[PDB]
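Participant: Input: one structure, supplied below.
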Amino acid sequence: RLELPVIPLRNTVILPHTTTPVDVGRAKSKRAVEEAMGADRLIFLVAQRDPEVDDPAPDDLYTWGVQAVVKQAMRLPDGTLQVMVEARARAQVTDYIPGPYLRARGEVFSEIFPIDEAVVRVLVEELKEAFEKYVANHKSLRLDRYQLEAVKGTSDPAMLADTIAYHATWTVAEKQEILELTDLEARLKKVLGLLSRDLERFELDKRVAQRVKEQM
Amino acid sequence: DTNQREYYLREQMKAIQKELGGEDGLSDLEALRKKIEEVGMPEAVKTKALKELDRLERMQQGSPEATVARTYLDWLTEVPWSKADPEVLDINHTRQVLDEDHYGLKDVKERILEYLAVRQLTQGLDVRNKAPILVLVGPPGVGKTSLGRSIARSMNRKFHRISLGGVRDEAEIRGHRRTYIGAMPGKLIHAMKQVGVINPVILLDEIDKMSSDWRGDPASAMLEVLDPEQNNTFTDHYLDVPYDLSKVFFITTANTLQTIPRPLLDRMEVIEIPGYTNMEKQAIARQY
Amino acid sequence: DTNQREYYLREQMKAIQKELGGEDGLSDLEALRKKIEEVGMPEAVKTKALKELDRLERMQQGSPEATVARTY
Amino acid sequence: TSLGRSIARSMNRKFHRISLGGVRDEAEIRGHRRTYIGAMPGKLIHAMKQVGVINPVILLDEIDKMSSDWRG
Amino acid sequence: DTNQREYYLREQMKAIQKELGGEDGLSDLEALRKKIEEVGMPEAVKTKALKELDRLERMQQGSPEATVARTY
Amino acid sequence: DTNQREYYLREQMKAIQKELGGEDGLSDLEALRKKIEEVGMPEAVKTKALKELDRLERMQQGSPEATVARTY
Amino acid sequence: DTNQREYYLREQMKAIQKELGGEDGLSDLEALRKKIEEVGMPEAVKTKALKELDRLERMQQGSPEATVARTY
Amino acid sequence: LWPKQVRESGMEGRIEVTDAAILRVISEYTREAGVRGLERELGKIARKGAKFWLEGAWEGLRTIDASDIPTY
Numbered sequence: 002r003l004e005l006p007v008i009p010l011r012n013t014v015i016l017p018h019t020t021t022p023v024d025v026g027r028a029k030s031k032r033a034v035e036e037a038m039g040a041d042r043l044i045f046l047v048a049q050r051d052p053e054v055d056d057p058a059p060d061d062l063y064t065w066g067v068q069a070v071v072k073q074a075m076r077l078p079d080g081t082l083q084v085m086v087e088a089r090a091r092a093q094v095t096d097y098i099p100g101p102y103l104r105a106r107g108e109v110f111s112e113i114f115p116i117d118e119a120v121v122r123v124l125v126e127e128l129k130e131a132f133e134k135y136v137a138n139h140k141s142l143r144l145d146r147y148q149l150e151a152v153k154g155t156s157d158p159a160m161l162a163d164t165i166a167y168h169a170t171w172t173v174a175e176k177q178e179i180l181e182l183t184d185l186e187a188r189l190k191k192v193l194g195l196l197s198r199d200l201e202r203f204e205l206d207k208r209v210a211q212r213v214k215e216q217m
Numbered sequence: 218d219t220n221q222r223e224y225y226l227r228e229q230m231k232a233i234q235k236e237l238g239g240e241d242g243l244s245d246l247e248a249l250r251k252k253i254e255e256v257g258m259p260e261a262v263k264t265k266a267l268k269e270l271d272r273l274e275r276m277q278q279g280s281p282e283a284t285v286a287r288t289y290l291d292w293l294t295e296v297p298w299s300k301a302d303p304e305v306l307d308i309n310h311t312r313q314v315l316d317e318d319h320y321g322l323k324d325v326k327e328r329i330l331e332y333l334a335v336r337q338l339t340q341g342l343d344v345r346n347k348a349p350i351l352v353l354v355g356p357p358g359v360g361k362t363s364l365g366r367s368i369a370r371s372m373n374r375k376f377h378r379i380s381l382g383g384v385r386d387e388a389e390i391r392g393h394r395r396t397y398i399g400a401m402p403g404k405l406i407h408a409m410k411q412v413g414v415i416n417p418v419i420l421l422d423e424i425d426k427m428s429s430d431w432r433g434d435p436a437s438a439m440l441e442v443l444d445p446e447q448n449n450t451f452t453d454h455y456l457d458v459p460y461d462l463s464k465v466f467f468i469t470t471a472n473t474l475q476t477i478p479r480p481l482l483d484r485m486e487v488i489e490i491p492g493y494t495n496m497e498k499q500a501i502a503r504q505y
Numbered sequence: 218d219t220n221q222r223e224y225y226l227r228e229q230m231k232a233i234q235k236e237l238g239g240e241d242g243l244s245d246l247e248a249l250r251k252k253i254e255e256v257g258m259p260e261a262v263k264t265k266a267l268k269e270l271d272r273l274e275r276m277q278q279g280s281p282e283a284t285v286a287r288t289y
Numbered sequence: 362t363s364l365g366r367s368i369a370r371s372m373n374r375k376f377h378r379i380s381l382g383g384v385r386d387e388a389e390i391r392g393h394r395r396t397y398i399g400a401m402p403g404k405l406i407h408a409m410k411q412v413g414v415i416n417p418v419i420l421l422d423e424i425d426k427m428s429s430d431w432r433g
Numbered sequence: 218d219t220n221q222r223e224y225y226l227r228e229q230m231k232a233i234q235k236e237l238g239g240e241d242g243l244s245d246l247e248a249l250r251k252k253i254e255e256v257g258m259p260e261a262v263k264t265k266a267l268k269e270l271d272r273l274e275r276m277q278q279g280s281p282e283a284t285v286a287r288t289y
Numbered sequence: 218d219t220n221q222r223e224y225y226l227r228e229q230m231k232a233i234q235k236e237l238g239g240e241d242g243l244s245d246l247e248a249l250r251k252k253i254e255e256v257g258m259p260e261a262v263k264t265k266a267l268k269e270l271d272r273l274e275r276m277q278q279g280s281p282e283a284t285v286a287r288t289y
Numbered sequence: 218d219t220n221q222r223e224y225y226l227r228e229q230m231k232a233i234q235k236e237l238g239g240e241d242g243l244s245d246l247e248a249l250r251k252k253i254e255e256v257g258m259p260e261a262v263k264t265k266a267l268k269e270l271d272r273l274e275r276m277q278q279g280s281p282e283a284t285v286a287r288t289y
Numbered sequence: 506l507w508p509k510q511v512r513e514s515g516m517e518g519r520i521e522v523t524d525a526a527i528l529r530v531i532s533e534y535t536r537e538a539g540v541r542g543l544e545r546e547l548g549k550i551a552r553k554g555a556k557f558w559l560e561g562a563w564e565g566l567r568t569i570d571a572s573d574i575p576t577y
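Protein chains in written order, with the deposited numbering: chain A, 2 to 217; chain B, 218 to 505; chain C, 218 to 289; chain D, 362 to 433; chain E, 218 to 289; chain F, 218 to 289; chain G, 218 to 289; chain H, 506 to 577.
Structure representation (structure tokens):
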């Protein structure tokens with residue numbers, strides 16, 4: 002809501018309920034960063050992969066989005082703008098004006114907490130077991146896993162899917178899809194199928210590796 | 218998910234094969250491998266493409282192994298399978314096209330009308346031939362390529378020449394073992410590689426002057442090709458699955474009715490090509 | 218060190234042309250393998266078939282043993 | 362080659378002459394295979410690059426002496 | 218030990234073989250990167266030149282594919 | 218100094234070339250090619266002679282006429 | 218002692234050829250080597266049988282000196 | 506023969522060939538010690554029949570006799 006300059010993400014993935022530093026150094030987007038922080042500290046984030054330009058193009062952005070209310074007002078126009086913002090509720094895309102600047106509405110800025118908890122924490126515990134067995138095969142591709150174990154009290158399933166879906170790197174663009182999705186059960190079963198194909202190709206890699214050692 | 222992993226392994230083999238091998242056509246090799254599923258081609262052909270696909274992944278030298286695999290994929294996806302010209306169903310339209318060639322002289326053009334009149338009357342719930350290709354014979358300048366040109370107009374097909382003067386080997390007919398580069402098929406697979414249809418015409422040239430004087434008989438493989446179902450089982454030394462050469466129409470030019478090899482004197486029908494009159498030739502130099 | 222890496226990756230070539238060869242390296246090998254265990258033939262001739270059986274499960278660009286053995 | 366020099370002058374162009382005598386292969390007619398360094402093109406490309414105009418004159422010497430042993 | 222020695226001999230072969238001359242200088246890349254654009258080729262020849270222009274600039278002396286592309 | 222470094226290099230070239238089966242032992246078709254060029258003859262002799270050098274290497278020497286060509 | 222040594226070669230070579238390409242050599246090498254030294258034979262047989270006992274343990278395709286040995 | 510020839514052309518139910526016709530054929534168009542010449546001549550009748558029918562159907566029943574001979 003409250004139409005903003007739009008910050009085209011192609012190198013930073015924010016978290017709901019957690020601060021994340023934004024790294025924008027592109028010339029036609031850092032002016033949007035400055036004007037959005039001057040827009041009562043509200044930043045509108047839509048990713049792109051349609052060919053990477055510094056323009057807020059309506060043809061390069063998707064129809065999915067996420068909000069960002071700013072938690073630290075700092076800009077550094079001598080390089081990459083160091084600013085730490087936070088999402089508390091994700092959004093979608095409603096408007097398209099050819100930029101600069103693209104003026105668009107997201108959604109409201111508020112906290113979301115789950116109503117049901119039983120099937121919610123069942124699928125949360127399945128997803129946490131899936132990450133904790135995947136991160137064992139991700140030991141060669143090392144990423145620290147204490148970052149999930151300190152946020153276990155947050156029982157928001159879409160936020161934890163935004164966390165674990167961030168804590169596994171299969172494709173940044175599909176992580177931009179999941180990070181901007183409205184639906185939670187869709188992104189949860191999506192991350193389950195992704196950990197499925199990941200651990201299955203891990204085991205195929207072990208099969209080929211033993212095949213190679215035996216051929217040796 | 219499993220296909221994500223399998224085509225992920227294909228992306229791994231692309232990532233490795235753009236690091237080693239003969240690589241100025243190896244992305245082209247990757248396109249032809251992609252063109253396996255894109256050229257409509259049979260499942261025996263798709264399976265021999267699985268064979269050469271498991272002969273791919275040349276994670277070794279650019280020494281001929283990657284190159285010969287590229288050539289195999291080339292000769293796969295560029296000799297057309299499953300693509301064809303919509304033929305004419307008429308000898309009346311064919312006569313309409315032969316109204317224009319050299320006037321057609323009304324001697325052999327009616328013979329071609331006979332042979333197509335029975336073959337626009339193809340019955341047996343198929344297209345059986347059990348028949349020759351109706352070979353031709355005359356001096357070389359007269360309208361060999363021209364008459365075959367007009368017939369390819371008539372069917373709305375294409376016409377093409379491959380030659381056999383001074384050929385003596387089935388090694389010149391069939392290719393060899395693709396185990397080094399410089400291995401190619403013989404002529405005929407390239408002649409098909411020229412057109413983009415599984416129903417073209419081929420004009421065999423001067424075949425009575427294919428005189429075998431080394432190992433192998435070319436006349437053997439050629440009487441195999443001339444047989445109307447053995448062509449459908451015909452393959453060379455370079456290739457695995459025989460190309461369906463029953464859907465392909467043929468025609469042949471020679472000059473001598475006596476130095477033709479002997480099993481080729483069956484499965485044949487001679488039409489002796491004329492040595493034209495002055496007045497018709499004059500009319501051609503006037504009008505065309 | 219280079220040719221070491223070269224052998225490493227052409228082993229990857231062979232094992233990834235394999236892809237869990239219980240199916241097979243290419244699946245038609247166990248389709249002609251069952252012509253051993255499903256065709257009624259004499260014991261010495263099927264015995265040299267069973268001795269050729271242990272030499273099976275090879276590709277084409279790798280070992281060309283089943284290349285002749287299937288035909289045999 | 363006298364005739365050729367005055368051809369290029371009389372065309373106001375550039376004359377260049379190379380030999381195709383004794384050629385057996387696509388080594389000097391076409392280039393060598395692209396899988397190695399030490400592939401160098403046909404002599405025709407040499408005649409192109411060594412001369413400077415889009416409309417040159419190329420002379421091919423001893424063309425009755427080109428035959429086949431390998432590379433077609 | 219003897220076959221390991223014959224191995225070592227056949228690689229000392231190539232190590233001596235790459236001696237006697239060495240390539241340096243890296244302003245030739247800037248020169249040819251100009252002369253692609255500074256020799257106005259048609260879209261056939263400018264397309265193949267832009268291909269070699271995109272292929273290079275990672276190595277042009279190293280891998281055996283970019284060396285013959287550099288001479289190309 | 219250039220001749221001396223190339224002398225070190227050709228030194229080790231002959232050192233490795235020695236211990237590799239003696240340059241194919243100077244095999245038969247090598248020396249047959251030699252002897253025609255090792256005797257000074259009229260030139261068309263050398264022509265038809267390297268011709269018949271190339272006319273071999275395709276039979277099995279059970280051939281009762283190409284062997285007569287080897288005699289010639 | 219020579220017969221005990223040929224027994225040891227007879228045992229070890231069939232124990233290994235029974236697992237390998239000696240299955241394509243059918244392991245009749247050290248089965249018919251039992252006819253060399255493990256049947257009461259004259260010294261004519263022992264002499265010829267040594268002359269083709271040395272021809273044991275061979276390659277099995279391409280003019281084999283193993284099959285004609287066991288036949289001998 | 507003639508059922509195979511109407512199987513070759515495809516004039517099934519179209520053709521009446523009587524047998525004075527066959528007498529005229531063997532007495533005039535084949536003098537050999539076989540059946541092959543009868544295949545050839547009845548093939549000529551079959552082809553000329555397919556021509557006369559696809560240009561236009563005059564009837565459904567076509568009497569070939571000893572009087573329509575040099576037309577087929």
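The beta-carbon is built from N, C-alpha and C at its ideal position, and this holds for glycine as well.
I want to see whether chain B comes within less than 7 Å of C/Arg227, judged by CB atoms only; does it?
Facilitator: In terms of beta-carbon proximity, C/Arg227 lines the interface with chain B, with at least one pair separated by less than 7 Å.
Participant: Return the CA-CA distance between F/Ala261 and F/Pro281, expressed in angstroms with no decimal places.
Facilitator: 26 Å
Participant: Quick check: the segment 512-522 of chain H against the segment 255-269 of chain G, are at least 3 beta-carbon pairs closer than 8 Å?
Facilitator: no
Participant: Against chain D, with Cβ distances strictly below 7 Å, would E/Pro259 count as a contact?
Facilitator: no
Participant: Can you tell me which residues form a DSSP beta bridge with B/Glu489?
Facilitator: B/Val354
Participant: Can you give me the C-alpha to C-alpha distance between D/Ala408 and B/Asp461, rounded to a whole angstrom?
Facilitator: 45 Å
Participant: Taking only beta carbons into account, state which residues of the segment 396-430 of chain D come closer than 9 Å to chain E, listed in chain order.
Facilitator: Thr396, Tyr397, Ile398, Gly399, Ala400, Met401 and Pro402
Participant: Is it buried or exposed, C/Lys231, if we count other Cβ atoms within 10 angstroms and call 16 or more buried?
Facilitator: buried
Participant: If we cut at 7 Å on Cβ distances, does B/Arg370 have a partner in chain C?
Facilitator: no
Participant: Can you tell me whether DSSP reads D/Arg378 as helix, strand or coil?
Facilitator: strand
Participant: At a Cβ cut of 7 Å, what residues of the segment 181-213 of chain A count as close to chain B, listed as they run along the chain?
Facilitator: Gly194, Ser197, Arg198, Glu201, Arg202 and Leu205
Participant: From what residue to what residue does the alpha helix (DSSP H) around D/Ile406 run?
Facilitator: Here the alpha helix (DSSP H) through D/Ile406 covers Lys404 to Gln411.
Participant: Starting from the beta carbon of H/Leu559, find every residue of chain B whose beta carbon is closer than 7 Å, and list them in chain order.
Facilitator: Ordered by position in chain B, the residues that pass the 7 Å Cβ test against H/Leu559 are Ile308, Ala334, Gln337 and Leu338.
Participant: Taking only beta carbons into account, state which residues of the segment 371-397 of chain D come closer than 8 Å to chain B, listed in chain order.
Facilitator: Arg394, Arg395, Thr396 and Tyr397
Participant: Do three or more CB pairs link the segment 450-469 of chain B to the segment 311-323 of chain B at distances below 8 Å?
Facilitator: They do not touch, by the three-pair rule.
Participant: Counting pairs of beta carbons, one from the segment 241-249 of chain B and one from the segment 289-306 of chain B, are three or more of them closer than 8 Å?
Facilitator: yes
Participant: Jot down the residue ranges of each uninterrupted alpha helix (DSSP H) in the segment 409-486 of chain B, minimum 4 residues, whole runs only, in chain order.
Facilitator: Note on the segment 409-486 of chain B: whole alpha helix (DSSP H) runs with a minimum of 4 residues are 435-443, in chain order.
Participant: Relative to the C-alpha of G/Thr288, which candidate in G/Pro259, G/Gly257 and G/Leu243 has its C-alpha closest?
Facilitator: Per the C-alpha coordinates, the member of G/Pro259, G/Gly257 and G/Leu243 positioned closest to G/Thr288 is G/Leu243.
Participant: Does the beta carbon of G/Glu240 sit closer than 7 Å to a beta carbon anywhere in chain C?
Facilitator: yes
Participant: Consult DSSP for H/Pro575 and reduce its assignment to one of helix, strand or coil.
Facilitator: helix
Participant: Assess, as a yes-or-no matter, whether the segment 481-494 of chain B is touched by the segment 171-187 of chain A under the definition of 3 or more beta carbon pairs within less than 8 Å.
Facilitator: no
Participant: Please report how far the alpha carbon of B/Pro349 lies from the alpha carbon of B/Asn416, in whole angstroms.
Facilitator: 17 Å
Participant: Determine contact between the segment 47-63 of chain A and the segment 97-114 of chain A, defined as no fewer than three beta-carbon pairs at a distance below 8 Å.
Facilitator: Yes: at least three Cβ pairs fall under 8 Å.
Participant: Closer than 8 Å, Cβ to any Cβ of chain D: which residues of the segment 284-296 of chain B, in chain order?
Facilitator: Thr284
Participant: Inspect the beta-carbon positions of B/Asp302 and B/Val465 and report whether they are closer than 7 Å.
Facilitator: No, these two residues do not count as a Cβ contact at 7 Å.
Participant: Would you say the beta carbon of G/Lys251 is closer than 6 Å to some non-hydrogen atom of the ligand MN?
Facilitator: You won't find the ligand MN in this model; it holds no ligand whatsoever.
Participant: Considering A/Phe110, what are the terminal residues of the alpha helix (DSSP H) in which it resides?
Facilitator: First-last for A/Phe110: undefined, no H or E at that position.
Participant: Consult DSSP for A/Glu87 and reduce its assignment to one of helix, strand or coil.
Facilitator: strand
Participant: CA-CA distance, A/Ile15 and C/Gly239?
Facilitator: 45 Å
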